[PDB]
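*Asks:* A structural model of the following input is requested.
(4 chains)
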Amino acid sequence: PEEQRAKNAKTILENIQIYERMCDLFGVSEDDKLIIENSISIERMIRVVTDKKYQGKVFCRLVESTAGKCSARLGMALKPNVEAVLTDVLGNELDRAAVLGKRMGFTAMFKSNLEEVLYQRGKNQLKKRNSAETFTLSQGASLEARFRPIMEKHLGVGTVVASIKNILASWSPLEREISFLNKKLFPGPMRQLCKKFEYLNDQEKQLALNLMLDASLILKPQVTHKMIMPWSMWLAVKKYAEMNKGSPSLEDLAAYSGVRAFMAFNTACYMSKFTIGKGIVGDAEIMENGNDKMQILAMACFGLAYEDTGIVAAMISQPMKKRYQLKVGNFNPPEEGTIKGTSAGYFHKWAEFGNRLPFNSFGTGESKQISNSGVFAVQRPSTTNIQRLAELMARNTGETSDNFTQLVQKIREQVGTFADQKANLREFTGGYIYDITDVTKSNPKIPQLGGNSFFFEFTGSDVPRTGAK
Amino acid sequence: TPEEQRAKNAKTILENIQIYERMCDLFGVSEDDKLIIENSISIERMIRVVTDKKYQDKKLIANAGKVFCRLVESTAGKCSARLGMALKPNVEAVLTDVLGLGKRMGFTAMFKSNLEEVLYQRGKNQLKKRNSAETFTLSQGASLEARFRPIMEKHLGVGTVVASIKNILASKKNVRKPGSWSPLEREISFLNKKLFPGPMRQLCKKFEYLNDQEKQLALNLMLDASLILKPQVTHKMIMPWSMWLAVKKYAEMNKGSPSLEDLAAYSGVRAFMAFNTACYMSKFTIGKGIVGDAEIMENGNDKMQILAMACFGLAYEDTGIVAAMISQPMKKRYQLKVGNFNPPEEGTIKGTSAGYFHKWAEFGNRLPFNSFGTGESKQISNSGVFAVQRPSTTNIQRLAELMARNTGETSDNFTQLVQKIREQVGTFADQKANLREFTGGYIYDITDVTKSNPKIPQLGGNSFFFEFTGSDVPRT
Amino acid sequence: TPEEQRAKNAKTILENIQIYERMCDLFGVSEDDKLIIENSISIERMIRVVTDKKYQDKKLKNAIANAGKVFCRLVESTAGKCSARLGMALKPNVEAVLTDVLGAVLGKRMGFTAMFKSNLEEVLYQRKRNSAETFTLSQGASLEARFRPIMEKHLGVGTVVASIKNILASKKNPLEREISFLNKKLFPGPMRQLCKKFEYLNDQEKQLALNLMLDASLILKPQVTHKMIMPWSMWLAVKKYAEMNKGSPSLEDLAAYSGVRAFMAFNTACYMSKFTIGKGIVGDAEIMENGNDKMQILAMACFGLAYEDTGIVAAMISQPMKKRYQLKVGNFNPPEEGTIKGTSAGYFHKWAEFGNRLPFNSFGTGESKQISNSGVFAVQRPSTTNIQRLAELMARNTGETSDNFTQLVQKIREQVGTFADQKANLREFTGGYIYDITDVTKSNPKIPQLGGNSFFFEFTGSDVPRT
Amino acid sequence: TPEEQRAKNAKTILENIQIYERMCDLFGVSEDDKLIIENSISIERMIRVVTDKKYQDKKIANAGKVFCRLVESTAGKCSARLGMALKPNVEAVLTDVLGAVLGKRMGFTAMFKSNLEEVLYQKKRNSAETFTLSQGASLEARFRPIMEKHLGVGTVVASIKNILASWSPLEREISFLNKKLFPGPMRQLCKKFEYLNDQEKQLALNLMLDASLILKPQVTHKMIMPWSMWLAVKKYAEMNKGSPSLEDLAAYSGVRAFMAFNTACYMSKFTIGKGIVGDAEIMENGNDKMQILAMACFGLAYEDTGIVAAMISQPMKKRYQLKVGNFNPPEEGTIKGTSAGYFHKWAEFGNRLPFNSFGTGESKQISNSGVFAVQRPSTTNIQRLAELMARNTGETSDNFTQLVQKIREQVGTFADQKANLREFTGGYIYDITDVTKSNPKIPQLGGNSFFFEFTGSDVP
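*Replies:* Numbers count the residues shown, from 1 in each chain, chains lettered A, B, ... in the order given. Provided below are the atomic coordinates:
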């Protein structure tokens, strides 16, 4: 754990170094290095120059500040100078064609998570392969081909299915992807069907994929969630910890999971700034709102676009607003704007990440007791956990001799059994929200939920041209 | 744009008004008698009968070149039946003068069909029904003459298309090809477009390969399934020609009130406004005799409910919906005291009720299990990030719907699809309590043209128009 | 026709009265003793034996020795005290009483008396071919073989299944008609398709078919005809009461086997009618019979209520409803020594119509073919579709003739399955109500307060010692 | 026979007391230290380890001696020591007392140990969630056929899975399993097990095992106490003029088994040492260990905690809220006396099938046949209708595929009906003073009924 945060602190400091120099290369001032927008541009720029299969002057649209006002600028640097900064900071490493698949894959994951909060899909045109309703399973879909194998665990079932669908139109790329899909998928006939993949027709592989994709909208898959912030926010931490002796050091807050990752976020919010200008997504005449933007930033850093809005409302220091109630723009440097600082104590509560199966078909960190064996001849109702028995039977009663048609029916009947149980179904049983002060998890709390939990919901309160359209 | 449509509709409405006015002159119908609903029903039907070549060629006598039309003749609030007459070419001359027709008569035939559906459970005084009695609610456009079936296809129910398929299957036991395709190929394509997605649509593809036994079971299964797995049928406000003439007169005689082009709509609030405006000057007949008992006097408010129900095709609609928008208490079929709407031997003239619709709605037209307008979304579930205990938020109905569209194989036999249809019924029936049609569909006040104040009606109770009550009029 | 029905019924009732009064005279039963239920039970049973041409032809074939005397155990009384007596008459006299009053037609007449006796026995005893748990489907199972064909519609699915099993067992040492009768009663669907295939089925398949159709009918309720079958003495108590109070409704006014007039004929018979109270009950020869307990069984036997929902019956009677083993009632046979107790008038304070069709269908003002709505307006609403009626519609309309035995068996299991899950929405006799006896014109319909155990044969802590 | 059995039990318990008292002399256990539960546990295990013929066949350098870990008290504080006796001296104790003869008594001795272990810790053959069906799992294969009835479906399935990984012992086990299983298609599949392929065999075992979590099996239960606790009953009875005799308390079922348990707690002892299960630094709690002991004696590890709570005169705590170590001799430790009247309520044992309660106050009426056309809901018992269809509509012609499908819908019907499912209908709780079941009582059942529930008030 301390051994972990020490390995984290090393890579974070090395990223602050890369970020500080690239800003110097592109003429970003010391105060402007703390504008979130500049980090989006700098990190993107690195990914573009690094993109070997895409392959000198380099251009970077950035923000320039003057008092409280801001303006966009076009920075310029030489391509050899850009590659020399990475080479000189990262010595005995960089052997990867994509600099470091982790390093840039994380910057690309933040960019993907922000895109998910800002748009249902609507940015990368409409190059969709899967149905519109399966987009909540499309975590990390904005990622480049390069970063998907290394950023696998963070990827959604929809993303992996889309990658397989694109492929269809020591190792094997197709086998590699179905393997990642197999690990993510809810245990049972869906995993059996993955093992039977490549034994299928081109017409059957499609049914296989689309079925497992649809089924996962109820039979939840396992996806890894980390706290991914822009580099300029890790700079704000490093700065605040050094400008404040008593406060927690960068090493203490150098985490991507647990309470330290939430403290890392709030301490970054002391010195971090964002831009505010005219125009929002789909309406150029509406002004950007500072509280609405802050929500989208906190959601982007945690990948909250598909999370239960009620869970989110419980940890947030501002009222939770649905997507089309927010007045927020591109996050790209505005032509003209104003500087707005970040909200210091945004996250009053914190929570652990649900990195494993939400229904917990194995009960790894749970009690294994699902029923009682009667000793006394005393009247009692049935005490058997119906959903855990359903989870166990699907996992346990798999027929290896089963045909594609046999497996297709078993998945449909797995969906039905859980859909008939709908009201009693519980995800992440045993998981609670804790206060920031509550480091030890000594005092658990219930989020107190009810009503629409969909972020991409259309409401009467929606902003003109959005959810109204 | 909606204005380009209203201008086009107002042109059709004005041609129809002229055809009507000219036909009334030829049959000696007084200026005031032109506004009697019954006269429109008789003139429209006459125009349909004369222009039907199949019936005119089979009719052949002097009487074959004659056109008899039972009309209402009123004195001073009191009316009487009269046999109007014109020669066949004089009827065809009026048509040649106003027009340079098929679709025009199809619409008139759709009002008569929707009036018949409200008036009768059977509708034709004939027990020769191809479908099971309980599937009568899927018989939109059943009374519609074979000629008008292709043009009005969209307005027809699954039961009307299935009984048309069954008709072809009975004759071809005991042939045409107009497109490109054959009448049966055309009919199964129409059913496939209406039918709820999933195995029912897949059984439509395999239909031409099915043997006469599998074919009949297929039809009945798709028909029974359609009673929960609601099909796609288009609806329009189709009112008589005399009612459009009563819209014309009122807009002319009253400045500031919307024009005929403003009210020229068969959809939205402007259709409700056109119906409500048409009722300022329209009239109908009240006589002795109702459907069932020949000695019961007709009720005015009861006849006004049927008229309203005929124009919007509300026979098979949820009574609680209709109740929330009409200006009288909603009565079930057999509580109503109304006659066949044909001109009576003797009766009294009654004016329609102005502002009969206090509330309005838009038409279904798409699959009812799908959502309506701007206000829904595409998000069906959540993807948990924080390990915090929460219930399943997945939309079971929307997921069931997505899986019906997305999970198609092509490699399923008759029997396999038959079980898949039955399971599809099972899945939705098991969901009854939380199953909802037209999610995002609201009721609006008549004055609320903007749709700024959406309202959900106070549902519950028996929804069926053809249910029996204690109040059921003696003999019915 | 409803008034014409009662006139035709009265003609039969008056003929039954004449047969009954003349038999009592032949058997030396006094005018006051003719109103005793136990004598009506004994006299009707007696006639069924004398008219049993199979037994009677065999009885003289076994015989000079042809002593054709008819013996009958009867109740004789001295006001409130009563005692058993053995009556006697000659077969030619018993036969002449039939011929003189009537004129083939006698079968239907005796078939009904035997039905009242099966209905009486279904109440008194809960108990050999079918499973014990399926006994609630064995109505008319005490009817002798000769009466089962006439009284077909009154027979339970278990009674018909028992007859089919009995034919199949004798064939292991006609059926076609029993199958047709079973087919009619059964809930439509794969159970009816399994009836059509039954002659092609092997002996193992045949046995599984009958057992499954029976088990399934315990939820997928069959059609059984019900009429109010009252003993002959009871109809005599109506005749006598009607000609006593001239203002009160006549016999013709109360000559009904169904509706409020049947319930009114019952309450009228109750003024003058009498039964016996003795020492000994069913299962316990030491316990004294209770009057209110015996009156409950009488009303139940007259309406065939043994298997009917307890809560429904409870809501219609003038006494607190008791489960079978809370009752102190013996045989309805003449006691050796006992007392005379008159029946309880106004026993039924509420009435209802008989449910002779499939329970899952609708009754009264709900018999309409409309079971769904076709959406015209884009207005948010729940689905209005009648799930049980739609499941019944698919059962009749669909179903493959290309179905094998195992295909049809798996389908029955699946049909029982859907309805077992549908149990929240499942309503039997929908649109049917309970009415105050005073309300003839079915106005002000009431709904019984149902909840708790509805099984008459349930075991409680109130259960009488030995039972 | 009820008091004739007590006579046969008294004879057997006394033989055990004689074997025990002699073994304790062989290993140098002081008269006071004989009444320590931990000493009865080690002595019993020693006799099983010495009577293990194959293990003795398995083994100058040969130490043909017996080694036993025992508790040595002194004052009130205690210690752990290693006792030794010559193997033929130990054998002579068994010959002096006994001349089935030994296997049955050591089987029950092993059965108490399995019950103790199941209350202490939550099997590699079966899935983890199926552990509540593994009664008698700890038993060595010598004891399994003898104690058959007492074994859980999980145990029997793991015995079959072991044979597969290599009458016959397989045929034996399948018929033992057939008797236990919920009646219907599971019992039919058991009959087909010989004709199933190895893949179908594994599916059948796991499906039968998983099903049993809802479709409850038939398992025999008895009151099993260490020999020292019966030595305590034998001591206490001879002391009080009012007190019932040992023969009067010689029961393994009914009220007398509870009165025997309580009478034993007046003179029996255990130890409070440093170290609990998992946390080698936490001090053991007396009342906590007393709950484990009562639960071990009655095999209550998997029983509904709410039932157990209503019967015991101390607050019911879930497994990880307990400060209890293994019942092995502790290095340091302090002698703690057992609690004199632990059970204030009692109940009879299950032993039969928990769902089908034949007779009791449950009649054959399962449904109603409507007469009047009155609106009402369906009154038909689904549970009972499902149960009847399993007896009446069995198809011998069914293959593996068809029987598996039927198991699944049998589970599905029961899962759907969970709200209306009741186990041991007409089964009640009674006061210890209520000897002839006159005033039945019902336990207040509401919360989580699982003993192995994690809780917030846990122990790290």
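
*Asks:* same question for stretch A:274-281: list its buried residues.
*Replies:* Using 16 or more other CB atoms under 10 Å in any protein chain shown as the test for burial, stretch A:274-281 gives A:274, A:275, A:276, A:277, A:279, A:280, A:281. (C-beta placed from N, C-alpha, C; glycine too.)

*Asks:* just give me the closest of the residues you listed to residue A:255.
*Replies:* Closest approach to residue A:255 among the buried residues of stretch A:274-281 (CB to CB): residue A:274, at 23.3 Å.

*Asks:* quick one, phi psi at that closest one?
*Replies:* Backbone geometry at residue A:274, expressed as degrees, to the nearest 10, gives phi -130, psi 160.

*Asks:* which residues does it form beta bridges with?
*Replies:* residue A:340 (DSSP bridges).

*Asks:* doesn't residue A:37 make contact with it?
*Replies:* Yes - assessed by CB atoms under 8 Å, residue A:274 is found in contact with residue A:37 at 6.6 Å.

*Asks:* what's the residue closest to the geometric middle of chain A?
*Replies:* residue A:303 (3.1 Å; CA atoms, centre = their mean).

*Asks:* quick one: residues contacting that one.
*Replies:* With contact set as CB atoms under 8 Å, 6 or more residues apart in numbering or on different chains, residue A:303 has these partners: A:109, A:113, A:116, A:139, A:154, A:225, A:228, B:385.

*Asks:* mind listing the strands for the stretch 51-200 of chain A?
*Replies:* Assigned strands in the stretch 51-200 of chain A, in chain order: A:57-66, A:69-78 (criterion: DSSP state E, counting those that start in this stretch).

*Asks:* likewise the stretch 351-469 of chain A?
*Replies:* Remark: strands assigned in the stretch 351-469 of chain A by DSSP E, counting those that start in this stretch are A:380-381, A:426-427, A:434-435.

*Asks:* mind putting those strands into CSV with distance to chain B and mean neighbour count?
*Replies:* Shown next, in CSV, are the strands of the stretch 351-469 of chain A (distance: least, CB to the nearest CB, whole Å; neighbours: other CB atoms under 10 Å in any protein chain shown):
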stretch, distance to chain B, mean neighbour count
strand A:380-381, 22, 18
strand A:426-427, 5, 18
strand A:434-435, 10, 18
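
*Asks:* who wins for proximity to chain C among those strands?
*Replies:* Closest to chain C of the strands of the stretch 351-469 of chain A, according to CB to the nearest CB: strand A:380-381, at 17.6 Å.

*Asks:* near chain D at all, the closest one?
*Replies:* Yes - counting by CB under 8 Å from any CB of the partner chain, chain D is contacted by strand A:380-381 at A:380, A:381.

*Asks:* give me every residue that touches the residue in chain A that chain C sits nearest to.
*Replies:* Chain C sits closest to residue A:420 of chain A, with a gap of 8.3 Å, by CB to the nearest CB. Going by CB under 8 Å, 6+ apart, residue A:420 touches B:430, D:416.

*Asks:* what do you get for the one 4 residues further on?
*Replies:* With contacts defined as CB under 8 Å, 6+ apart, the neighbours of residue A:424 are A:386, A:387.

*Asks:* just to check, residue A:32 is in contact with residue A:38?
*Replies:* Yes - shown here, residue A:32 and residue A:38 form a contact pair, counting by CB under 8 Å, at 6.3 Å.

*Asks:* identify the contacts common to the two.
*Replies:* Joint contacts of residue A:32 and residue A:38 (CB under 8 Å, 6+ apart) are A:23, A:62, A:63.

*Asks:* mind listing what's buried in the longest helix along chain A?
*Replies:* When chain A is parsed with DSSP state H, its longest helix is helix A:2-25. Under the neighbour-count criterion of 16+ other CB under 10 Å, helix A:2-25 has A:5, A:8-9, A:12, A:15-16, A:18-23, A:25 buried.

*Asks:* give me every residue in the stretch 51-200 of chain A lying close to chain B.
*Replies:* A:120, A:131, A:132, A:133, A:134, A:135, A:136, A:137, A:139, A:156.
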